[PDB]
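*Asks:* coordinates for the following, if possible.
(chains A, B, C, D, E, F, G, H, I, J, K and L)
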Amino acid sequence: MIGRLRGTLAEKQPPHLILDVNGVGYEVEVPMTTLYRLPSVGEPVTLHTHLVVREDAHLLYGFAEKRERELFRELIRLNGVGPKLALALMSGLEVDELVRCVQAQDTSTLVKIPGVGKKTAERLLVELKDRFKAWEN
Amino acid sequence: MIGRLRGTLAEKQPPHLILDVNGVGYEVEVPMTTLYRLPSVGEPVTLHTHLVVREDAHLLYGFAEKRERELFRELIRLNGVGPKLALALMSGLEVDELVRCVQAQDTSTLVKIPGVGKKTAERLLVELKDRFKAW
Amino acid sequence: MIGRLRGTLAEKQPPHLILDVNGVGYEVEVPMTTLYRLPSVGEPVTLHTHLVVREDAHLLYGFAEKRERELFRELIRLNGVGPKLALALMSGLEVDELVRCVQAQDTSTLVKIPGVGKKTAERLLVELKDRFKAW
Amino acid sequence: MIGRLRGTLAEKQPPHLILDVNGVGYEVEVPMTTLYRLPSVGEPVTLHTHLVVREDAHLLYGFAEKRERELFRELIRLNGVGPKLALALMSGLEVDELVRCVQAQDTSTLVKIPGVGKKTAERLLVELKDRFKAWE
Amino acid sequence: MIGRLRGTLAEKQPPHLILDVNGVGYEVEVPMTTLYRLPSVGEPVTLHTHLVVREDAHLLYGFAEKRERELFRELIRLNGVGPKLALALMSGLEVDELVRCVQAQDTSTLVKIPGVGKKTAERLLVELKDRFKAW
Amino acid sequence: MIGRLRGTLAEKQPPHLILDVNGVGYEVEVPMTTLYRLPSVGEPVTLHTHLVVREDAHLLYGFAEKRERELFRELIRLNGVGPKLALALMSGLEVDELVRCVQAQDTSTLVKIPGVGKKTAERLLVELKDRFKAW
Amino acid sequence: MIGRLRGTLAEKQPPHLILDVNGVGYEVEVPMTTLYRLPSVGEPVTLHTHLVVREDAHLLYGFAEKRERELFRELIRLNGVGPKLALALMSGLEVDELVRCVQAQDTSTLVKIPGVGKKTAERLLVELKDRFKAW
Amino acid sequence: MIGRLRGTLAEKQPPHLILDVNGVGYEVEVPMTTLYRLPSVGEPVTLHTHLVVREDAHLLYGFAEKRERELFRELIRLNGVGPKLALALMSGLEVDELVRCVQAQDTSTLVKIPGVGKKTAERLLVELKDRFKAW
DNA sequence: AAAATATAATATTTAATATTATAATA
DNA sequence: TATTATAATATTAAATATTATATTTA
DNA sequence: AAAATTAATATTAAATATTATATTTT
DNA sequence: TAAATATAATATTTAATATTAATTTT
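*Replies:* Numbers count the residues shown, from 1 in each chain, chains lettered A, B, ... in the order given. Structure as follows:
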């Protein structure tokens, strides 16, 4: 439903944000890579958010680039990967690095990311090498 | 709940759009007929959207006309038709000739629509025999 | 969550509305009494809405006055009364007549309301006898 | 999803409010302490809200400070505590008073709060002893 | 699915029983009146059980007479009436006495039953009147 | 899970039965065609049952022939057909007659069945025209 | 629904059992204390089982004594205690020892049980000290 | 809950069975490897069943030997393998060949099984990588 | 190194049915 | 020139009982 | 004052096996 | 005017535990 938020940064409490959009402040969770690029509090920002709807909560996940949001959606669509595991994956390394690892089949880089083990790395490699990285994001 | 969005076209990635309504960009999925009518990116556009609410997602479906939204709601109220099938039906045919086809009991035209086979074709005909008027 | 909408009347298709609240058009269902007091299309309006959330839809119900919204909430809180039946009740009668009938324990007046029968009237009377005392 | 609302106080009937955020009036429930700090109707306000989503309702709970909102979230996160009980706790006591009660393991100060009994106070103490230790 | 159990009374722990139906001991909850008619532990006994199925429990409610089970089913099919309240009503009043009270609108007797207030008694009355038309 | 009950007919309350299978009495609902072929109470009888499981109830439906059970499962698997409509269809006419009617697209015979209208009859014909494929 | 099983011990691989009751082998999970008292395979045994029903599984938990089953039900009735934790508690300690620890508010004894942490220790103490009124 | 059924084979309609356990016939789905070992109709047979409980269905899956039932449980416990796929795998290859092929991480033999592709074969190989002990 | 413990923290749907290709085939 | 089975993809999803009120047929 | 019993009444919600990290031991 | 029969529209949580004011004996 919500695919982009364009407002002013109100509070900066990592990993979360408060993106003030004409009065309504949105609680948006961002990766550390996105955090490293945000301006100072009070400056305008534009995040490509992805809304995760549950039976007990609505959650927003903002990214500085559309490709990042697409990759996050494809990652959370996996059976064993959830929003926070995907966020850790995107924080540990870039999208280009992730696709290079997927097409190279190297679990050493993936296991280096906190929260990612050998089984998780194998599942990620399988489910992405199953024709998801044919075209670079 | 949401019946219309009046903002500016932020970006155009078919079949999806971002409609920047005062900062908040809404992801609306539109038929190809609607896409062939939208202005260039950065210009105002008004869409009559229908909000689909599930247990795990909130989806918006925009249309250039209100009658298209009404027809979409009628189509998705069917037990065998979902948002994707209704979108395919509305992209393949406009409202007028779709109504003509349903009133003419002509499954042939419905079959040519991608994603629409036969069984669903006569199911749609049966369920739309007496659902709407000549319009 | 949403307790009031303050925008401009965009489209008036009874019993539904579209309020262009800074671009976002909220589809609001209102009773006939509320419609009879609405301005023409394009003029500002203020509705005291009540949001009904289900597992497959979000619905908005607007009213001209806050007391009407409160009465609607208490009515739909009942085990046999839903948004449609409550809207019918508030269209047939205003707040004052409804409360006077509840205090007077009148049934024939409630039966005359379309969609309301003998059992519905009895259920309303028994469920509302204790209420409205505080006023 | 919603963590703050900066609008104009349109209506004020306790314990709820109506913040006119650019036309959309959000109905927000606030504790007594927050109500004793809001200006008169028609003046701008800023609440650090917490959106509670259930299977059949979306609810907003506003607070004048972010510390209050964080404490409310931690409280409702408890199994035996819901929004109403947390609001009663926060209305009866401030954040500092509740914190020092938790650290000192005081039940008399918690039972006086309406809606809070002996068993509820015991559960609150046992949970909040380990839920948070260092509070600024 | 289960409408009768014909076994031997293995345990008698009020208000619950254990019917050893060929090895499987079914745990059945019965009214006080039923307990007052059961034989001693180890003797054969037949109960007309009603199976209540929820998302997290399968419960059996046994009765000495079929009419008692029918009345329990009708009572629990109501809105605000449950197996606990229905069992309390059955223990407090016999089937004939309950029917007479329903016909005679004698709420005083119903209020005498523990766990029964005033509004719930009046409800029981009003729904039951047309739920059963004097058998 | 349960596809047959071989016990003794304990009670006969149409359209329901009680099969005393080694002590446990199963509540089984049967069509009129099956009802007419049952023996007297106390005599052994074998029913080919179909267990319907819901979020709040477990229901058994017994038939005198396996083909009847298969047809009932096929009918209730449909979109707008439930156990009640399927049982009405089974009671109204024989399995062979139902197959003949659906193969010949004879709606008039189906309309004569109580509780079966033109719209639902057309739905059944369209959904079962090719399902049987001559068994 | 099921409160006792009286059959024959068919298979015994800990911590689960197969209790052949007239052909139907019920797979029952038992604590180590019950395991140490079971007879050899093929001999009759009576277990006081507790049926746990979930949206996607039906589970049986058998015990050598009724009081053990009552304690298990009380333990799993807690908010933060599940069947696995309750079984670990009952295997690591007897009912008498567990109740004495609850009365004495002893956490050192409880933490010795594998899978039992401190926080769980004082939670169990707080809940059970008030749960046990008479015992 | 049900870990074994010991009755007489009443009806053999592959891939389904009706095992008459003291009157109650149980609908059991078994792999073809079980079909090639069952006795004639009317003869005693023991199956190590596994009960699959859904929101709207209770299902039984029988096997000739316990290790097959264990393997079926492990297979269906996966996040992308269901009872149908597990049954297809067990029918195509026996347990020992299946585990031998998993140890070798060979997909050529898994793809040959009807209903099994390459992606699913690789995923299930990763899932069943050598965690358990060799049979 | 090499494996063996607790413990905090995550993730949370298959089933069935149509539909459109694809390889081999009257 | 069409036919048939298989195979993968991508949807679509499940309610059910109860008042209340319409034409019709007497 | 001085302790106990009780009938409404407003809340509150039921979660279990799988990892991954840290610590510990041989 | 009294139903018959569809006919479609509509509404669809429980139970369990904790609190608290009123009453009764002490």
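
*Asks:* hmm, the helix or strand containing residue A:12 touching chain D?
*Replies:* Element membership of residue A:12 [criterion: DSSP states H and E] is strand A:2-13. Yes - Strand A:2-13 lies within reach of chain D by C-beta under 8 Å from any C-beta of the partner chain, at A:10-11. Heads up, the C-betas are built off the backbone N, CA and C, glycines and all.

*Asks:* residue contacts, the residue in chain A sticking out farthest from the centre?
*Replies:* Taking C-alpha atoms, centre = their mean, the residue of chain A most remote from its mean C-alpha position is residue A:23, at 25.3 Å. Contact analysis of residue A:23 by C-beta atoms under 8 Å, 6 or more residues apart in numbering or on different chains lists D:5-7, D:21-22.

*Asks:* give me the nearest residue to residue A:54, chain neighbours excluded.
*Replies:* Leaving aside its chain neighbours, residue A:54 sits nearest to residue B:56 (7.1 Å; criterion: C-beta to C-beta, 6 or more residues apart in numbering or on different chains).

*Asks:* what number of residues lie near the closest residue to chain F within chain A?
*Replies:* Proximity of chain A to chain F (C-beta to the nearest C-beta) peaks at residue A:55, 15.9 Å away. Other residues near residue A:55 come to 10 when the count uses other C-beta atoms under 10 Å in any protein chain shown.

*Asks:* does it lie in a helix or a strand, and which?
*Replies:* In the assignment (DSSP H and E), residue A:55 maps to no helix and no strand.

*Asks:* so residue A:25: helix, strand or coil?
*Replies:* strand (DSSP: H, G, I helix; E, B strand; the rest coil).

*Asks:* what residues does whichever residue of chain A sits closest to chain D make contact with?
*Replies:* For chain A and chain D, the shortest gap (C-beta to the nearest C-beta) falls at residue A:25, measuring 3.1 Å. Residues counted as contacts of residue A:25 (C-beta under 8 Å, 6+ apart) are A:10-11, A:18-19, D:2-6.

*Asks:* I figured residue A:21 hits residue A:4, correct?
*Replies:* No - using C-beta atoms under 8 Å, residue A:21 is not in contact with residue A:4, being 10.4 Å away.

*Asks:* and the two? which has more neighbours close in?
*Replies:* Looking at residue A:21 and residue A:4 with other C-beta under 10 Å, you find the greater number of neighbours at residue A:4, namely 23 against 18.

*Asks:* neighbours of the closest residue to DNA strand K within chain A, just the number please.
*Replies:* Nearest to DNA strand K in chain A, going by C-beta to the nearest atom of the strand, is residue A:117, at a distance of 2.2 Å. Using other C-beta under 10 Å, residue A:117 has 12 neighbouring residues.

*Asks:* kindly report the same for residue A:58.
*Replies:* Using other C-beta under 10 Å, residue A:58 is surrounded by 17 other residues.

*Asks:* quick one, what contacts it?
*Replies:* By C-beta under 8 Å, 6+ apart, the residues touching residue A:58 are A:51-52, D:1, D:51, D:53.

*Asks:* go again using 10 Å as the cut-off
*Replies:* Going by C-beta atoms under 10 Å, 6 or more residues apart in numbering or on different chains, residue A:58 touches A:1-2, A:27, A:51-52, B:58, D:1-2, D:51, D:53, D:58.

*Asks:* same check, this time on residue A:82
*Replies:* With C-beta under 10 Å, 6+ apart, residue A:82 has these contacts: A:52, A:75-76.

*Asks:* now, these that are in strands?
*Replies:* Among the contacts of residue A:82, the members found in strands (DSSP state E) are residue A:52.

*Asks:* scan the contacts of residue A:82 and report the most crowded one.
*Replies:* residue A:75 (21 neighbours).

*Asks:* looking at it, it is touching residue A:110, isn't it?
*Replies:* No - taking contacts as C-beta atoms under 10 Å, residue A:75 lies outside contact range of residue A:110: 11.9 Å.
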